[PDB]
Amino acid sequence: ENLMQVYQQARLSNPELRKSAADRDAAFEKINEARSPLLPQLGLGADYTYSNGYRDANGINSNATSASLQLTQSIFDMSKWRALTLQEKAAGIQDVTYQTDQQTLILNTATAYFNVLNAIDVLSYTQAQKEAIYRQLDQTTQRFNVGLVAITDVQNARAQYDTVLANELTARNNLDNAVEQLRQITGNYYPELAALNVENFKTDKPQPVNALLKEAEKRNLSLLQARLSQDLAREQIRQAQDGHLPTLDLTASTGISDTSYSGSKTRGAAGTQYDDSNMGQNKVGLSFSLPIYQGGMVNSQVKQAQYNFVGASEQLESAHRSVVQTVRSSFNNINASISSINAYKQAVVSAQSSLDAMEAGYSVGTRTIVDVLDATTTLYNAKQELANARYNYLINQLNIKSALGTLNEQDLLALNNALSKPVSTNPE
C-alpha cells in the first residue's frame, strides 16, 4: 500500500531483475570453466582392432587391444591465462549490468506508483468538474422553469456536461491501465495506495549542475560499464598478441597393449616379428610449439583488435555524452518542474477568482452561462496541471539520482515519507 511496501514486494519477485541476477551468476560461474584448461586434464582410453592383410601382406592378420590413462598439463600458455582474465573481466561487466538493473527496478517501481496516483488525481478532478457542471445544469434548469433564464442556458450546460461524462470514461480507463502497469512490475494488484501529502509537500532546488556532472562522472553505472568494456577491448589486443608466443605442455601416461598375429605367413621366415607382444609403457614428456608464420593470420587479428579498441573508445565517449545529456536535461526538468508548480499554484487561484467573477457577471448580464462553464474548465485544467507537475518533480528527482549512479533504497524511503493517506485505485 505505501511505496516502501510496493517496492519490497516488487524486489523479491520481479522476473526481469531475477533473470539479470541469473545472467550474473552464470558469468561468475564461468570463471571456473575459463580456469579449467590451466588444470590437469586426465582421460581413459581403450580399444580393440582387427586387421586383415592383403596384397603383399596377405597371410598376416591380427587383433590388438590397448588401454591407457593419459594426462595433459599446461606449463606455459599465455592464451590460457588470457582467457581466464577475459572471463573475469566479463563477470565484472555483468556485475555492473546487474547493478544497473537493480537501480532500474527502483526507478520503474516508483514511476509506476506515481503514475497510479497521478491517474487517481485526474479521475478525481474530472469527477469534481462533472459535479460542478452538474450543479450549474441543475440550477439552470430550475431557473429556466421559473422564468429567470432562457432554455439556451440549459442546452449549453447539458452539452458541456455530456462532454465531461465522456472524459470521465477515459480518465477511468487510464487509471485501470496504470493499475495493470503496476501489477506487471510488482506482481500484485493494489486496491489502495498511500497518497502524496500535498499539505506537507515542498520542493528543493537541486545541487549545481557542475557538481552533479562531477558525481555522475565518478559513479554513473553506464559509464563505469563503458570503461570496463574499453579495458576488456584492451585485454583482447593482448589475447590477439598471444598468438605469436610459443607454448610448453606436459604429457604423461600409462598404457598396456596386447596383439596376437595369425595366418599363413605369421611364421616361417618371419623372425619373432609376429610373435605375441604384451607391452606396458609409462611416459612423461614435454612438448614445445612455436608459430613462426601463419599467412598473416596473427597480426591481422591484432590489427582488428586494435580497431575494436578504438570502437570501444568511441563507445566510451558516446556514454559520456549520454550521461552529460541525462544529468543536464534532468537538472533542467527539475528546475522547470519547480517553476511549473509555482506557475500552476498561481493559475489555480486566478482561475478560481475568474470563475467567481464569471458567476457574478452572469447574474447581472455581462457574462453568459457559457463563460461560467468555460471558467470551470480552465480551473479544473489548472488543478490537473498542478497535481501533475508535482509528480513530474518527484520523478525527475529519481531520474537525477539514477543518472548519478546512486539511486537506492534510502531514496525510496525518503519518497515514502512524503506519502500519507490511503486512496482507492478503483473508486466510484
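We number the residues from 1 along the sequence you see.
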| query | finding |
| --- | --- |
| Selected stretch [higher average CA B-factor]: 167 to 175 or 226 to 234 | 226 to 234 |
| 331 to 339 versus 271 to 279 - greater average Cα B-factor per the deposited record | 271 to 279 |
| From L44, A387, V364, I395, residue of greatest CA B-factor | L44 |
| Peak C-alpha temperature factor (PDB record), options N118, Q136, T203, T247 | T247 |
| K401 - Cα temperature factor, lowest/middle/highest third of chain | middle |
| B-factor third for the C-alpha atom of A57 within its chain | highest |
| Lowest, middle or highest third - CA B-factor, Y307 | middle |
| Ranked against its chain, the third holding the CA B-factor of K130 | lowest |
| CA B-factor ranking of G295, expressed as a third of its chain | highest |
